[PDB]
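Okay, here we've got a single chain as structure tokens, the form deposited in one PDB entry, with questions on binding and movement later.
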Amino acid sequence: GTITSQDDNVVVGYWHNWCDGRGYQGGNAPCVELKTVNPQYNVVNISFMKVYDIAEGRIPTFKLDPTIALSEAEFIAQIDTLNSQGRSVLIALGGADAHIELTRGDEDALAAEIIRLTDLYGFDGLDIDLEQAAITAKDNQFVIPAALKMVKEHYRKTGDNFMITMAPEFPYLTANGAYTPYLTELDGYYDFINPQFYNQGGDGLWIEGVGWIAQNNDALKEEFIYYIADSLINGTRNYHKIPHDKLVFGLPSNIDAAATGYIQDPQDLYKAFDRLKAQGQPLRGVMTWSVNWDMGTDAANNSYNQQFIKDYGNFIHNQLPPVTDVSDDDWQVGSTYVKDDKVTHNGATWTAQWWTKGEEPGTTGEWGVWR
């Protein structure tokens, strides 16, 4: 019912629309109820919107999985709850075996379906999380941006920031790379990008004085994080530019969540983030595959015991707000405010209609200066 957008730093977690996912190291990710997700996950990405059955045609949809044991009403109720805590719930488009192969002219229907779902479940936006085979499949590069622009405009008209994020695998983010049409077509529409810095093996970048810095090199983790992010935020070393304010670092929760890319020593991330902060380009947060893995089991049935949220939650939420933020100072008696000057007072935002001083928001009647 209420589009709830994030203007501050994010800790993003994917949520599995399936039970008992099998890990890379033989572990188990159970289905969990939304309201069970750790509250420091302030963006939760419902995975996935997909073609379940090609006989329904080319437009992906979302169907809550029965086996999670949650009525539709009940899942909507939990979204509402998240929204009441100021957290977002996005619908992730794509994933493995999504069968998304759209042809030119599909964008109208795709946008209609985006909107139908969004109004039905109360999603706050959409994560583009295509599998590799979809990135340039049929006309996806045209249809998906075209649809998402229409969706973004629809909700702008009605007061709302429908969030658009993306989860490109990082090697597709070279200048003029296969992902870059999504980035350029949705520039000024997208909120932030949370690339996957995992599942890409020896892919990496070369830095003089250091050598090849691979994504699966756990000994050079701080250098990897730092330089791959510095390249992206400056558009340098043959990477497409994603500004630091729109750049969230996507990681595996644990060694079961992905083949490679798990951060063994979280000090490697703190130190890289602090260097990026000290150079005036702090990152927007972190993302993880996945909340379900962060609550899941290893092969011996040992709980991962929410270690990823333990390691990054407070780190990121203790950061200074990014440029996106809406800072609204408390009302003050001796202050002169003017048309459009917002303040905070009694746990609510008030918006000055005209010249005022010494007039407390809430006492001003229904057609006084505070509104």
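Only residues modelled in both forms are compared. When you see a residue number, it is the position in the sequence shown, counting from 1. Between two forms, the rigid core is defined as the largest C-alpha subset superposing within 1.5 Å.
As for the form deposited in another entry, it is not shown, yet the points below apply to it.
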At a threshold of 2 angstroms on the CA positions, core aligned, which residue out of 346, 318, 67, 302 shifts between this form and the one not shown?
346
Please check if residue 36 moves between this form and the one not shown, taking a CA shift of 2 Å or more relative to the superposed core as movement.
no
Core fit, then residue 54 C-alpha moves 2 Å or more between this form and the one not shown:
no
Taking 2 Å as the cut-off, check whether the CA of residue 18 shifts that much or more between this form and the one not shown after a rigid core fit.
no
In sequence order, the stretches of at least 3 consecutive residues present in both forms and shifting by 2 Å or more at each Cα after core superposition between this form and the one not shown are 326 to 371
